[PDB]
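Examination of the molecular architecture
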Amino acid sequence: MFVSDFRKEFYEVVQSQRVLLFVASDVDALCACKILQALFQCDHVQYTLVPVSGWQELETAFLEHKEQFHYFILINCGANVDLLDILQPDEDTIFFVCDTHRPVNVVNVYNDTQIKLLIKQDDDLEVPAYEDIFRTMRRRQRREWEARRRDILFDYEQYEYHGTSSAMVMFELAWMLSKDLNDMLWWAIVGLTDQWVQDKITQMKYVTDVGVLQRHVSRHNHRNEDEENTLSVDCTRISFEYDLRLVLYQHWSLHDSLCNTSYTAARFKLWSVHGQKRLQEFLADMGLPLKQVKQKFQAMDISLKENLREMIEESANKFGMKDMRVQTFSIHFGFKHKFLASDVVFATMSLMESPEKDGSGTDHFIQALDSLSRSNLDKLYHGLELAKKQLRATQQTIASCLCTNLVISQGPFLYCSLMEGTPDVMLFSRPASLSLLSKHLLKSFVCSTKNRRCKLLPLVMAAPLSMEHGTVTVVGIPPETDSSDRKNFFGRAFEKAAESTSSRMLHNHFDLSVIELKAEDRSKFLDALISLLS
Amino acid sequence: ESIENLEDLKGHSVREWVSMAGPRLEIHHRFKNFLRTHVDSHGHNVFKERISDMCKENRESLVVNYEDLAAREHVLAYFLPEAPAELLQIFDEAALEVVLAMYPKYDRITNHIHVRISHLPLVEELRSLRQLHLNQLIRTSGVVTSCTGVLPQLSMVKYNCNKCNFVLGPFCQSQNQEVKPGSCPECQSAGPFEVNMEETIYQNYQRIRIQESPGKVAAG
Amino acid sequence: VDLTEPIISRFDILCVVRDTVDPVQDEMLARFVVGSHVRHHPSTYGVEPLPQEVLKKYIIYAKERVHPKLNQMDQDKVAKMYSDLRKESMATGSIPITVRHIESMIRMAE
Ligand SMILES: [Zn+2]
């Protein structure tokens, strides 16, 4: 069932109870977890928090914890599968699901007693009616009904996508509880910006949600400040910004940010030998000295920093980059700490997807989660350093793939693969960073090629996972277009291709468009996908 | 305004002629037009490409080929070896305001651009230099034997008055003698003065010694 | 050769040229030399060269605007090659000192 009011029939229920949080390892999940943590700590709710990153891990943790806890909250996981089938719970347990994944599984939708969904009912949802999904001429009519059922269920389950941010949902709950702090609002903003950075949502939906959060920012600012008398410099001040699309440009030199932003790198073809000259054309059009552009931004001359955004916008317009400016937010506190929401997103993501072989992925999750609090600001800066390394490695990998021409058409989709032992393949072994790399690589490819048909294709990308088990991760990306809905069918396509091939596919990740394959299975699996997409 | 002319006929000397306002403006316009209209044998606008390749790298120095300057503008090639300092100053100004037409924000990068002449056909052996070549543009070849370090030389110097706060206005430094104020216009104290080290404009300086290449003519 | 191993091994490429008699090859070489002498009066190729101005531009472009990267070169093949090259050299008279010849091959591939 959908929860109609989070306050009464979710929060006031669990407020009297011991709770278990399962949280996915993504930045939106981390922000929603932080908001809910702060609420529970205000109300002395005895919660336990468990990270998870796949179905096997969630099943293991639930089997470990099922006896002691009756109330469970799943953040950014569980909505798009039958939780009762997967977990096999006792009937007295209750699962709250604040998950952005769409479409919601019909069993979770119509299970009234046990599965409760912390999902907005005014999100883009098209759930089929109950009578269409659940129960001689009567036999013929029944078989016709079953044919209708399979057709409508395939139409419902074909495309997966993402709804409103879980962090935004939790901040809505905090606002209804009248316990919303400025830091909670910042976590909500970072949660939305995670979806925008990873291209999980459309630009229109992102603009709408930014319009929602603008009102909350204005309310929080005018809560205790006006234009006549102001707060201490120590206090956090969140400001709406119509800022630049360039990544981490306030902590870098502008040259590095123009080099490693996927947008500008794809436009100017900076992987190519000619791309640096095109970048120099752009910089000379702006009139910025190269010794200033290659200097760190905080050390750049303030005469140049005065109107840099207008300069970059108006040069980008005539160079063909039509949407260089983006609606976003920034947070200021103290004298010297200034971050964009995209900066916090990249830092936390790099901490979580860090390639270091220390401890465990749960350890990297813990470092990422700690970095979202201002008492652990050093972790945030360290995450920014890791983001520098990650973005440089991303551009190196894209340059390698395009120069050696690993990205190759195979009919209805482009195909690419990373070989073992190549530079910085370890950084993209993990599925989430691989999905991000595939998106950036597809943007670079469609900006590079002259073939108008190839600009319309989706991308399938693979990389090694475990040589000892002989497995590869595989991800599927929809076509990269300006007006895409960011819906993709590769979940069901992978499932149906694997079933039609009897392939050894482990479906452990929460996105259905991310899978693990036994490596030798890839040839017949790819052939099946080619025959399927046709 | 000052009217355009036939340039090559005059009663003055060449230096005096190109110093006068009318022909100076005509020379300026001619070199501007030459930069903005010269083309390659294949029809490529040469100096648009060269100015773009300069402004990309911020090199603030434009190389011009005599062998096509003579092709496009005859009289400029005529006056250039005869009055090089004056004509090169005029070329610098014209090139600067061409570059600020192509890249209007380039004054943020540099306030002055030097025109450098290449492939000058009146080449001279280094030991064959005579009084006949004085104050004329020459081309020579040789091996560099010595170099000073890169040193700052005064170019536009403002002097603090020896007894009060006043800055005596800019003097254009020469390569022949250290220019001096004599006495201050606000109060006629005289003799020694202090350079305003902050407001004075300096330029890079480097003096090299070149001699004939060992294998060219020095046969013992 | 009369050179020692520390100086020989520093040369990545060793070249030997011999003026051995072979009358057909001598005819071809002599005809080419006479052709050069008559061609350049003051007044094995089969592919035609580039003009030397084009070659100078090509070299100076390639040495600055191109930086070849190495990502995979069939490591076991090169290692096996180097190992039995060392084995054969131990019995005879030229000196693949351990890493310099491996790195010579890497440099030549680049
Ligand atoms: Zn005085």
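Residues numbered from 1 in each chain as written, not as in the entry; some residues may be left out. Chains lettered and ligands numbered in written order. Part of a larger assembly, values for the part shown. Heavy atoms only, no water.

Residues and elements named next belong to chain A. The strand order across the open sheet built from 5 strands is β2-β1-β3-β4-β6, with neighbouring strands paired in parallel fashion. Edge positions in the sheet fall to β2 (47-52) and β6 (115-117), since each of these pairs with one other strand and no more. Strand-to-strand twist in this sheet, taken as the mean axis angle between neighbours without regard to direction, amounts to 20°. Sheet topology note: the strand β1 (residues 19-24)/strand β3 (residues 71-75) ladder contains 5 bridges and is parallel. Its bridge partner being in β3, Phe22 is matched across the sheet by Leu74. On top of the sheet, helix α2 (residues 27-42) reaches β1, β2 and β3; it is set at about 160° to β1, its chief contact. (Pairing = 2+ DSSP bridges. Helix = DSSP H or I, 4+ residues; strand = E, 2+ residues; numbered from the N terminus. Axes fitted to C-alpha atoms, helices over the stretch in contact; angles between N-to-C directions. Contact = heavy atoms within 4.5 Å.)

The next subject is the UniProt feature "zinc finger region: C4-type" in chain B. In this numbering, the UniProt entry assigns the feature "zinc finger region: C4-type" to residues 161-187 of chain B. Spanning residues 161-187 of chain B, this segment combines 0% helix with 22% strand, and its end C-alpha atoms are found 9 Å apart. (UniProt positions renumbered as here; feature names shortened; annotations may be inferred.)

To continue, consider a nonpolar patch on the surface. Taken together, the side chains of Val1(C), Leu3(C), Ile7(C), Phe11(C) and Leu14(C) make up a nonpolar region of the molecular surface, amounting to roughly 530 Å² of accessible area. Positionally, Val1(C) belongs in the segment before α1 (5-8). (Patch = residues over 30% accessible without salt bridge, like charges linked within 9 Å, V, L, I, M, F, W, Y side chains within 5 Å. Areas by Shrake-Rupley, 256 points an atom, 1.4 Å probe, with all protein chains shown as cover. Salt bridge = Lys/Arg side-chain N within 4 Å of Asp/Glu carboxyl O.)

Of the protein atoms, only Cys161(B) (SG), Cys164(B) (SG) and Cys187(B) (SG) coordinate the zinc ion, at distances of 2.3 Å. The class of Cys161(B) is buried, set by a relative accessible area of 6%. (Donors = N, O, S within 2.8 Å, 3.2 Å for Na, K, Ca; no water. Buried < 20%, exposed > 50% of the residue type's maximum accessible area, 1.4 Å probe, protein only.)

Before going further, it helps to spend a moment on the nonpolar core. If you look at the biggest cluster of nonpolar residues, it comprises 110 residues, and the most contacted ones within it are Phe10(A), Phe22(A), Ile35(A), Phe40(A), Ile73(A), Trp186(A) and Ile189(A). Per element, the largest residue contribution to this core is 11 residues, and it comes from α2(A). In this structure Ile73(A) touches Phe10(A), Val19(A), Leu20(A), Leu21(A), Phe22(A), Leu36(A), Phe40(A) and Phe96(A), once residues within four positions along its chain are discounted. Of all hydrophobic cores here, the second largest spans 37 residues; its members include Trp17(B), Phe47(B), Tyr66(B) and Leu120(B). (Core = buried A, V, L, I, M, F, W, Y, C linked by side-chain atoms within 4.5 Å.)

Chain A puts 12 residues into the contact, and the matching count from chain B is 9 residues. Here chain A and chain B share an interface that buries about 920 Å² over both sides, 53% of which is from carbon and sulfur atoms. For the pair chain A and chain B, the number of links is 2 salt bridges. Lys56(B) is paired through a salt bridge with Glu281(A); the nearest N and O atoms lie 3.0 Å apart. Applying the counting rule to chain A against chain B returns 2 residue pairs in polar contact. (Buried area = accessible area lost by both parts, 1.4 Å probe. Polar contact = N/O pair within 3.5 Å; in protein donor to acceptor, adjacent residues only side chain to side chain.)

So, on to helix α17 (residues 341-352) of chain A. Residues and elements named next belong to chain A. Look at α17: 16 Å from first C-alpha to last across 12 residues, which is about the 16 Å you get at 1.5 Å a residue. Burial of α17 is extensive: 12 of the 12 residues sit out of reach of the surface. All of the buried residues along α17 are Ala341, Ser342, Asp343, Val344, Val345, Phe346, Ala347, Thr348, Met349, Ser350, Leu351 and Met352. (Expected span 1.5 Å × (residues − 1).)

Right, let's get into the pairing of strand β4 (residues 151-160) of chain B. Residue and element names in this part refer to chain B. Relative to strand β7 (residues 201-205), β4 runs antiparallel, the two sharing 5 bridges. Opposite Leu154, over in β7, you have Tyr202 as the bridge partner. With 4 bridges joining them, β4 and strand β5 (residues 167-172) adopt antiparallel strand pairing. Within the sheet, the bridge partner assigned to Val157 lies in β5 and is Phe171. As consecutive antiparallel partners, β4 and β5 are separated by 6 residues. The pairing of β4 with strand β6 (residues 194-195) spans 2 bridges and is antiparallel. Within the sheet, the bridge partner assigned to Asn160 lies in β6 and is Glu194.

What follows concerns the sheet that holds strand β9 (residues 325-333) of chain A. Residue and element names in this part refer to chain A. Taken in spatial order, the 3 strands of this open sheet run β8-β9-β10, and their pairing is antiparallel. The two strands at the open ends of the sheet, each matched to only one other strand, are β8 (237-244) and β10 (337-340). Ignoring which end each strand starts from, the neighbouring axes of this sheet average 30° apart. Relative to β10, β9 is paired through 4 bridges, and the arrangement is antiparallel. Its bridge partner being in β10, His332 is matched across the sheet by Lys338. Sheet strands touched by helix α19 (residues 377-404): β9 and β10. Its angle to β10, the strand with the most contacts, is close to 50°.

Attention shifts here to the environment of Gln68(A). Following the sequence through the fold, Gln68(A) ends up in the loop between α3 (55-65) and β3. Separated by 28 residues in the primary sequence, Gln68(A) and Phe96(A) have C-alpha atoms spaced 17 Å apart.

Right, let's get into the packing of helix α8 (residues 166-176) of chain A against helix α10 (residues 203-224) of chain A. Residue and element names in this part refer to chain A. As a packed pair, α8 and α10 sit with axes 13 Å apart at the nearest point and diverge in direction by 35°. Read as a crossing pair, α8 and α10 show a hand that is left-handed. The residues of α10 that touch α8, namely those facing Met168, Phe171, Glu172 and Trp175, are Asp209, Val212, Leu213, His216, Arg219 and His220. The residue makeup of the contact of α8 with α10, split by class, is 5 nonpolar, 2 polar and 3 charged. (Left-handed = near helix turned anticlockwise from the far one by under 90°. Nonpolar A, V, L, I, M, F, W, Y, C, P; charged D, E, K, R; others polar.)

Let us look at the packing of helix α1 (residues 6-14) of chain A against α8(A). Residues and elements named next belong to chain A. The geometry of α1 relative to α8 is characterised by a closest axis approach of 11 Å and an angle of 95° between their N-to-C directions. Taken together, the axis directions place α1 and α8 in an arrangement best described as roughly perpendicular. Residues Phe6, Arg7, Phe10 and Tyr11 of α1 form the contact with α8, whose own contacting residues are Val169, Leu173 and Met176. In terms of residue class, the contact of α1 with α8 is made up of 6 nonpolar, no polar and 1 charged. (Parallel < 35°, antiparallel > 145°, perpendicular 65-115°, else oblique.)

Attention now goes to a negative patch on the surface. Residue and element names in this part refer to chain A. On the surface, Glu67, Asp90, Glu91 and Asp92 cluster together into a patch of negative charge. When you line up the elements, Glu67 lands in the loop between α3 and β3. Owing to a relative accessible area of 62%, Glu67 belongs among the exposed residues under this scheme. (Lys, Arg positive; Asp, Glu negative; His and termini not counted. Charge placed at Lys NZ, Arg CZ, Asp CG, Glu CD.)

Now for the pairing of β2(A). All names here are of chain A. As paired strands, β1 and β2 are joined by 6 bridges and run parallel to one another. Bridge pairing links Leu21 to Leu49 in β2. Following the backbone out of β1, through α2 and into the adjacent parallel β2, one traces a crossover that is right-handed. (Right-handed = clockwise from strand over helix to strand, strands pointing away.)

A few words on the pattern of salt bridges. All names here are of chain A. For the coordinates displayed, the defined rule picks out 27 salt bridges over all chains. The closest approach of N and O atoms between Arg325 and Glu310, which form a salt bridge, is 3.2 Å. Separated by 15 residues along the polypeptide, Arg325 in strand β9 and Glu310 in helix α16 (residues 308-318) bring together distant segments of the chain. On the basis of relative accessibility, which here comes to 10%, the residue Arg325 falls in the buried class. Note that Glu480 and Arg486 form a salt bridge whose closest N and O atoms lie 2.7 Å from each other. The exposure class of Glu480 is buried, given its relative accessible area of 14%. When salt bridges with common partners are traced through the structure, they connect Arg142, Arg143 and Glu146 into a single cluster.

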